[PDB]
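Worksheet: one structure, shown below.
Only this structure's heavy atoms are used, side chains among them; waters, hydrogens and symmetry mates stay out. Here is how names work: the chains are called A, B, and so on, in the same order as the sequence lines, proteins then strands, and each is numbered from 1.
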Amino acid sequence: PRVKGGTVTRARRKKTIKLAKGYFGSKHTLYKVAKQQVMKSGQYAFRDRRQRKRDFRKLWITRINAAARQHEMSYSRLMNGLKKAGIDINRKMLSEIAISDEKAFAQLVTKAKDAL
Amino acid sequence: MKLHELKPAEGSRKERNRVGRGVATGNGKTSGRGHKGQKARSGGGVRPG
Amino acid sequence: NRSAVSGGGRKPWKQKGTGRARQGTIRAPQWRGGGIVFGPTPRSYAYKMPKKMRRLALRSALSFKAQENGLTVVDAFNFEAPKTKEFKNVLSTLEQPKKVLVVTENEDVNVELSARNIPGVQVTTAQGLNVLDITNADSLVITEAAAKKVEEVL
Amino acid sequence: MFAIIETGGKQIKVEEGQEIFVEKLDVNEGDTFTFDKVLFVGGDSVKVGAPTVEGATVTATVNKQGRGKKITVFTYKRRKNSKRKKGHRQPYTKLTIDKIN
Amino acid sequence: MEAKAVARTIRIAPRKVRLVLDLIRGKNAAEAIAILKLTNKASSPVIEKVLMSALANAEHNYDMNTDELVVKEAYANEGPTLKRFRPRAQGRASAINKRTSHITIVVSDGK
Amino acid sequence: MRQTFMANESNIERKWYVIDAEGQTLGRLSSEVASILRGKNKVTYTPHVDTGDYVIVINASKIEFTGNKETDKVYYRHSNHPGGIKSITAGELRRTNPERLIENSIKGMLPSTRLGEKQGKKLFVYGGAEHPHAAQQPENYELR
Amino acid sequence: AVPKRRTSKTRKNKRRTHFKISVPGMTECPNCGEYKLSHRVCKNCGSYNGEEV
RNA sequence: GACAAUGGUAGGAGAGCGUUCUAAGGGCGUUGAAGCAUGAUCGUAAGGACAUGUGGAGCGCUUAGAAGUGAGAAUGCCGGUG
RNA sequence: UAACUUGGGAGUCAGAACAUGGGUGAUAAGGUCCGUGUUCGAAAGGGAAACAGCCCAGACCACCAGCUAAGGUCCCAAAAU
RNA sequence: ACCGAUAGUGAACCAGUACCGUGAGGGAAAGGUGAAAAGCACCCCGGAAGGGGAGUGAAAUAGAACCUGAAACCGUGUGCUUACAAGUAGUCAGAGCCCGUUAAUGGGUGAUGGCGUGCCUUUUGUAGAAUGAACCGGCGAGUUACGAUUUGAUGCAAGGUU
Ligand SMILES: [Mg+2]
Ligand SMILES: [Mg+2]
Ligand SMILES: [Mg+2]
Ligand SMILES: [Mg+2]
Ligand SMILES: [Mg+2]
Ligand SMILES: [Mg+2]
Ligand SMILES: [Mg+2]
Ligand SMILES: [Mg+2]
Ligand SMILES: [Mg+2]
Ligand SMILES: [Mg+2]
Ligand SMILES: [Mg+2]
Ligand SMILES: [Mg+2]
Ligand SMILES: [Mg+2]
Ligand SMILES: [Mg+2]
Ligand SMILES: [Mg+2]
Ligand SMILES: [Mg+2]
Ligand SMILES: [Mg+2]
Ligand SMILES: [Mg+2]
Ligand SMILES: [Mg+2]
Ligand SMILES: [Mg+2]
Ligand SMILES: [Mg+2]
Ligand SMILES: [Mg+2]
Ligand SMILES: [Mg+2]
Ligand SMILES: [Mg+2]
Ligand SMILES: [Mg+2]
Ligand SMILES: [Mg+2]
Ligand SMILES: [Mg+2]
Ligand SMILES: [Mg+2]
Ligand SMILES: [Mg+2]
Ligand SMILES: [Mg+2]
Ligand SMILES: [Mg+2]
Ligand SMILES: [Mg+2]
Ligand SMILES: [Mg+2]
Ligand SMILES: [Zn+2]
């Protein structure tokens, strides 16, 4: 028996195009260039899930550095002091504390300085 | 057994392999022939012996 | 195939210089209207198995009926003229399911003609018994002489 | 008043009545969970664990055991006829913080 | 209330027709009529007949007051293209698209 | 659980500072000022928004170099015309346009992005000891 | 010379930004009230400058 | 429960998705089938539902069978349109 | 924690750089030909500005958690003015 | 367990026709209103074409290559956005604005930041300035027969089999 091309092709291509929704011009319209872009999007997203952890740790560290400097202490010495004090609060929590309640952060800074 | 519940003996049947139907199969494109040379050609390959 | 499709003999345009892809016949497989690559070609699908296995299959189908209680033995069919309505009544009195295989020792013209028009009722002889019919049927109605004959044969 | 709790290999800053999403806990919806690793207590009275505040606890109610939004993990290596597509939904537990300590 | 008229398969390219439609879109009927009369383009008379037909069925079919009507919509869609050829040098032929337009005019009383 | 604070225009507060270039080393003052302009000294630093402060640099003409930079550090530019290189020594530039000297040194330490350009626009340099921004009520800022 | 790359819809429409015609230079004829081209005889009534043509 | 492995081209091995047709069984459909369109749906993938609009008469599902069974590229063929 | 034997199926027979032992060339070549090792090929991630072949290191998936490698910590740009 | 209008004959149709060639010869494209023609009386704009009503019809949004009616491509309107900016066009992060769903730790848009040189082929090595593709759709490539061998399955077994 003969199997004509049928509907599968259009269904598959339409799925790719819908995933290409929002893209510029032909890239949200034509299957070949949409497919290519969706491939690039997948590769980029896989890479960027990992890069995002780097990025947010970097941000937290920058903010902690700024807070420590406000307390006359470098980021490096503050982290060394917290380690020697046995305090395991991670960078994200430290940043959020520094932002939200400065007195708590000042007490942590004094704990670090005492440990050093 | 019933005509709506037929079952071949375990291990008696195996789906045939179809080459040149996309990369995921592992036999797409060159269809298991590798790249170029006489052995890659339709009707290619030397006489036995 | 490309040989079979009409025409196609000539090269549609010269090998080089025109700027087109090179082509050798308008009936090549990538051409609309071209010859088919492979495809169906007349052949038989029949094959054989050993005789002992054929016999084992027939016995297995009959044994499945007997163990599922879809085996009914009748003394005889005393039909002198064909009458679909009489045969329908006989089936109903025997309390048979929709799909019944009726087995006669030999060709019984009147039984065959009476059962012929009844959906789901198939009539065969002891010699004509086959796995498809037995398996397709929900119950077998076999005359005593047919049952003995089948027993002898298998 | 807020607390730093440790759970699912992470740390979360929580206040009472806050909804939080964490790595799947071994609990049923409706149950009460108790976080026994409190690193820090902020607010009026500050308590600094070294590493954990002794005796400190945070109780919460399990609202939901869900699965996160579908991620399509797709990768390929150009010119190598080589790609891989997988789906992923990360389990999670949603809770509401009832009481700190 | 709205009245519509359509001229289908006018043998003028839609680009050209739309040049003129862009002048009358959204204007009052009388000003549009004047613009079409005084615009020196091939499609102006055709567009004018479409507009007058729309005003006519506004008045007759819907008893609208024609002196309060505005050209609510005016557009040209592509009709089927006549395919032609021009012999060029050295035995070659080159395509000629004789394009057509479906011209729609819709007038409205705004109510 | 995502909990990182993100600054935005509703909650950003930009202050005005004054920094005295007199007796300061060009590059060191410049790096510090760039930090201030980018907002790297704020605990609410957020990379995609301008959280930095405004800086006025006074006494740009009194900035100093080490070594022989006065005659040996050369600033080159190109007019995009064939053979269109023009040069000026750091000392000559300090004499004739100290504002540009400080501005360019600082702006070379900011990213070449739209946000970087915006942040560099918050810098004001003056060769003398006066500035025209008393309305902004700037505070003196001590380096380091 | 030939186009190295086809022209996108965006680029084409940008180029066509200025490709258009204007409303004719027209005013109401003081005689008959119908629009006319300024400095032209009015075709409706054949009048110009208060006289018939 | 534990803890061990899981980059990959040619290529080997395995398990599957989907298409048309057939058999048997069991179902749907003018109170609206297929097809088409849209959607914020489900599955580890190929892919599967549901709702609504359009459409106007055919089509699923289960088990097994059989193949003209899956396209993005061949200066591929044909048509349409830039 | 492999190794070997028998049998079914292959592909490959253009290799490259780097280090090092050598021939050739001119103690020329991103040269060429052998020996030995690694990497690329068929390897993504971090460093070397960018940079197959160099340095670190081998990506089952998810995380806005922690420790490190090479390399780094004045600003671009994370971390010692 | 053959095709179903690019399939099946080249030809479902006035096809060995049209068309091309001096000639031998080569050789297409092109099916579908509706159950019924009931195939739109009449009015209106217009020279006509075409259209708006009215009517027939279950349906005209079935009105003549008239079932369905994808995509490329062409228009109209609009929610968000854009005229100091260097863009393989996405991705990750993200205010503001506009919405409100298969109700899900929603949808549309996107100031601004990080990262980021298409795909295929062929190569030691390709963003490659090596090849190929204007776009979209359809069509387009390990098949079958008979032998051989090996493996799995099944029957029987010093026998097995026509
Ligand atoms: Mg196809
Ligand atoms: Mg990491
Ligand atoms: Mg294989
Ligand atoms: Mg397989
Ligand atoms: Mg492989
Ligand atoms: Mg092979
Ligand atoms: Mg090849
Ligand atoms: Mg080769
Ligand atoms: Mg080979
Ligand atoms: Mg060409
Ligand atoms: Mg054919
Ligand atoms: Mg693997
Ligand atoms: Mg095929
Ligand atoms: Mg060499
Ligand atoms: Mg060589
Ligand atoms: Mg070597
Ligand atoms: Mg290779
Ligand atoms: Mg690498
Ligand atoms: Mg890098
Ligand atoms: Mg691994
Ligand atoms: Mg820093
Ligand atoms: Mg068929
Ligand atoms: Mg069709
Ligand atoms: Mg034909
Ligand atoms: Mg035909
Ligand atoms: Mg139709
Ligand atoms: Mg602007
Ligand atoms: Mg491919
Ligand atoms: Mg080469
Ligand atoms: Mg290229
Ligand atoms: Mg070539
Ligand atoms: Mg090309
Ligand atoms: Mg195409
Ligand atoms: Zn007049």
I want to verify a distance call: between [options], whose nearest atom is closest to the [X] side chain?
X: A:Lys4; options: J:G90, I:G66, J:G4; result: J:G4
X: A:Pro1; options: J:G90, H:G8, H:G68; result: H:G68
X: D:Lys80; options: I:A78, H:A24, H:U9; result: H:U9
X: G:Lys12; options: J:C136, J:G52, J:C74; result: J:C74
X: E:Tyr62; options: J:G108, J:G53, J:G90; result: J:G53
X: A:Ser76; options: J:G8, I:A80, J:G113; result: I:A80
X: E:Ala7; options: J:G50, H:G82, J:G113; result: J:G50

Students should be able to answer this: classify the pucker of H:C36 from the sign of its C1'-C2'-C3'-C4' torsion, north or south.
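Sugar pucker of H:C36 - north, given that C1'-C2'-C3'-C4' is above zero.
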
If I pick the P atom on H:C61 and the same atom on J:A62, what distance separates them, to the nearest angstrom?
31 Å

Can you tell me how far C1' in J:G21 sits from the matching atom in J:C2, rounded to whole Å?
39 Å

Run through A:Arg69, A:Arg91, A:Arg63 and flag the one making a side-chain hydrogen bond (donor to acceptor under 3.5 Å, both in side chains) with A:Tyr75.
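Going through A:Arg69, A:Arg91, A:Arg63 one by one, the side-chain hydrogen bond (donor to acceptor under 3.5 Å, both in side chains) with A:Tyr75 is satisfied by A:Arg91 alone.
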
Determine, answering yes or no, if A:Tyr44 is stacked on J:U91 under the 5.5 Å centre rule and the 30° plane rule.
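No, the aromatic ring of A:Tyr44 does not stack with the base.
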
Provide the Watson-Crick or G-U wobble partner of I:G35, both distances under 3.5 Å; none if there is no partner.
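Paired with I:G35, as far as the under-3.5 Å criterion goes, is I:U20.
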
Donor-acceptor pair present, A:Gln36 side chain and J:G118 base, under 3.5 Å
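Checked by distance alone, the answer is yes.
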
